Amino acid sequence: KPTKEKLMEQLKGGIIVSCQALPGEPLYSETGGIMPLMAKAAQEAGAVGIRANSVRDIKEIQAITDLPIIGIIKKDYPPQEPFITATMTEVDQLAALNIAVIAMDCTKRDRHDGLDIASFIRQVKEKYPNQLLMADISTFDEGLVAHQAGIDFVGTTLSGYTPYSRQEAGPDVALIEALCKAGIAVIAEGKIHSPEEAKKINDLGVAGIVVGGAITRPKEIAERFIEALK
């Protein structure tokens, strides 16, 4: 449980690496053991944090690194859309892992539990006052709503992954900058594919930067190489 100040010191000017592989992906292992190696690679490279999904993966990663973890549990709650740490059940399991940050879908979309997002954020903060939280959002207003509700960090991971957000390819640098200017602790995340993009984003004065697929999804990296040849 690092203080926000201490965590901000740790994350500033560095790269957080998202080490995820869902069933169906080439690096998904039913018995685990792959994502911890990815996290180890990130640590050896000089990464300042890890983003990880699932109780299993988080625990395996904790076993090999002391880097702070942003943790999520991806689980569908149909008919509603959110799946990144969608209900208190996922929050509770993540709280039990003793990790630095819990990230969760904080979009404006209808929630399975019927709560408005601000109410849920307040509920989590009331239940776990000592837990730092990150709001995965898609739009500027969603970031503002989450911040006013008491979220510690606002992340841009869902921009381009909701129908009403920016659909264009590449990182949502306009959203990142706008949130930074508004005086919000921003963790830039989503579609950051090149070191050049990462530097541009870092220059905006973000609290942190998460790079995922560009480091830890060889399939997606290879696809981009292959596409350039067409």
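Throughout, we count residues from 1 along the sequence that is shown.
Student: Using only the Cα atoms and their B-factors as the entry lists them, report which of 172-180 and 51-59 averages higher.
Tutor: Mean CA B-factor is higher for 172-180.
Student: Using only the C-alpha B-factors in the record, can you name which of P36, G46, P68, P195 has the highest?
Tutor: Highest C-alpha B-factor among the listed residues goes to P195.
Student: Looking at the entry's B-factor column for C-alpha atoms only, identify whether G143 ranks in the lowest, middle or highest third of its chain.
Tutor: For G143, the deposited C-alpha B-factor lands in the middle third.
Student: Lowest, middle or highest third: which one holds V186 when the chain's residues are ordered by CA B-factor from the entry?
Tutor: Middle third - that is where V186 ends up once the chain's C-alpha B-factors are sorted.
Student: In terms of the chain's CA B-factor thirds, is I117 lowest, middle or highest?
Tutor: Highest third.
Student: Where does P129 sit by CA temperature factor within its chain: lowest, middle or highest third?
Tutor: Middle third.
Student: Within this chain, which third does the Cα B-factor at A42 fall in: lowest, middle or highest?
Tutor: Answer is lowest: the recorded C-alpha B-factor places it there.
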